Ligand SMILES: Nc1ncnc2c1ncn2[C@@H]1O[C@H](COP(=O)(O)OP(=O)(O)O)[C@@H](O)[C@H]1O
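Below you will find one chain, with nothing else, as structure tokens; this is the form deposited without the named molecule, and questions on how it binds or moves follow later.
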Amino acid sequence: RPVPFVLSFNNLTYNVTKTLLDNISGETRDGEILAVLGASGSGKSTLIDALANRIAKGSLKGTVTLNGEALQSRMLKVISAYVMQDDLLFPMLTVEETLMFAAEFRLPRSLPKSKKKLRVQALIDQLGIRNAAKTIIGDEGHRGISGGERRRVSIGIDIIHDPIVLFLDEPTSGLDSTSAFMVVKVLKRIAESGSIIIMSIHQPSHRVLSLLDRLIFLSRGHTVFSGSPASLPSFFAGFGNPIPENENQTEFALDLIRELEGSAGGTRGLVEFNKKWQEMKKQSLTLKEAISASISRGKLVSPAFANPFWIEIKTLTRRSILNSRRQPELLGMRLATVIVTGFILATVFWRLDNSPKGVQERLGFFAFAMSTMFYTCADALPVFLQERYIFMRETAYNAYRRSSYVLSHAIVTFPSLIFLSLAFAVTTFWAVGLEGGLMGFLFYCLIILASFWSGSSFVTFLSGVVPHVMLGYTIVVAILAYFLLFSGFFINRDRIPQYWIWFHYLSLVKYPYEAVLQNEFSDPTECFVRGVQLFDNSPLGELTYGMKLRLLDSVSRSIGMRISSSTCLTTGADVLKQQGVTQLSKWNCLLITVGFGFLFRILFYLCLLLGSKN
């Protein structure tokens, strides 16, 4: 015996004015399924949105009462669930630990973990997915479970607290009819446990129509039929056109409503015929304690969040580790890109000399190397966009905080950024022949790591403002190119016009590039022009060694400074003065690179606030 529940909704009118819903009425009990149909663009997605209070409230007029009293929004977040229309699952998780991660986010922390696992096992048996309980979910290619068992996993995630009311936006969409029958046979099994099912459906078959107990047909937001499937031949016989034998009901009726959308009559005669057809059928408790009676029967397993701030971080981190450990070809293809790019740069710029052309080749190596770190952070854009679509599904249920999501996402990607930074520094420090020994190599690893951190924080921020991968990849490639034009390599800082100098200081390439230059040209003992090398790239100075030695001391008669054959005119400190790299220290350039990464994680948080209302 389940506790009886009755959901009644009357006079639902929704204006946006476009009047998308007009005088909808209905009634649903437990043990039954109310199916809503009618067209594409008919308003059935808007009808179950209005029944679930997921609207811009203040535009809906009408009463929605459960068991007699009312439905405010704070009761409907405890006893209801809304399964949205698609599957958005992590592919490398088995369906037992997919449902177990949902239990840790939503069921209370007062419940022991042994009883949480018992709820998952009882839900695996109630759904039709006992046969594949340790198979991974899979994707395009990893060979997991089928499309009809993925649908019962995404349904079973949303019913983890075992609600009393269950809203479903087209739960059989995209399935073949032998797996679209097992979905509705599971939804009939949930209804027999004491639940109220309200679902949208496109084209029900003859098999799933025996399981639906009530039907509502809509025609641009007007109800044109309301009743059992075994009243549909009796309904349209009174309208003037009965249903033939060996024809699918709710299919000829669905075609007749689309046929009656012409220009002479319209469906207004059918809206008026329905609202007096219901008038021929007129003849024929204790909601706060009825809910509490059902918790004693064993239904409602389940503060705004079930866990504190630190439990949600360690659960989100463990899920992201377990999902990327079982895909060890995403990190392997990122290691292989960085090593090949570093191997090419190390063999082109192999062992640069202390020539004036080797100084300009050092600046070109560093400008190209810093720009590859920011570009190779853009291949995380498809996986950064898979989540934030799963995240937007789970924050409708208050599964975890918005702070715990951004913090655990910044934590799990940081071990991969250390391996990428160490792989690029090992391939390029000793082969290009950079300066510093061991302390210069360690600063080289730190600023490569700070560039991977700020470049992935920038792509994380872009993955919250773009809809698809191609738009966000175009924006990365375009803005990185202008970060390189304004980095001080193509045109120096003291030569950039003053109406463009605001974008020089906003360049994400400028600060790591100015840090590796000051790490490189830091020794006072390095020398790039000695003695007779004053006359190399001038027309004066195509002469012999003995001829330029009297060219040197003939300059010493004028000034008084004696320039020997080895005087060390141009050092590394003079290279940085020629390029204009003088304003910030190399440790202050490292801190602006780390600080730019933190700013793009904060702007990513602020776009997840606005992305919930959008």
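We number the residues from 1 along the sequence you see. By rigid core we mean the largest C-alpha set that fits within 1.5 Å across both forms.
Although not depicted, the form deposited with the named molecule bound is the subject of the following passage.
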Seminar exercise, completed: For the named molecule in the deposited complex, the stretch among 582 to 590, 38 to 46, 565 to 573, 543 to 551 with residues bearing a heavy atom within 4.5 Å is 38 to 46
Exercise. In the deposited complex, does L12 have a heavy atom within 4.5 Å of the named molecule?
Worked result: no
Exercise. So, in the deposited complex, is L20 in contact with the named molecule at a 4.5 angstroms heavy atom limit?
Worked result: yes
For this session: Note that the named molecule is not shown here; using its position in the deposited complex, name the residues of 337 to 362 with a heavy atom within 4.5 Å of it, in sequence order.
Result: none
Exercise. For the set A39, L552, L584, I55, which residue undergoes a C-alpha shift of 2 Å or more between the shown form and the other one, given alignment on the rigid core?
Worked result: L552
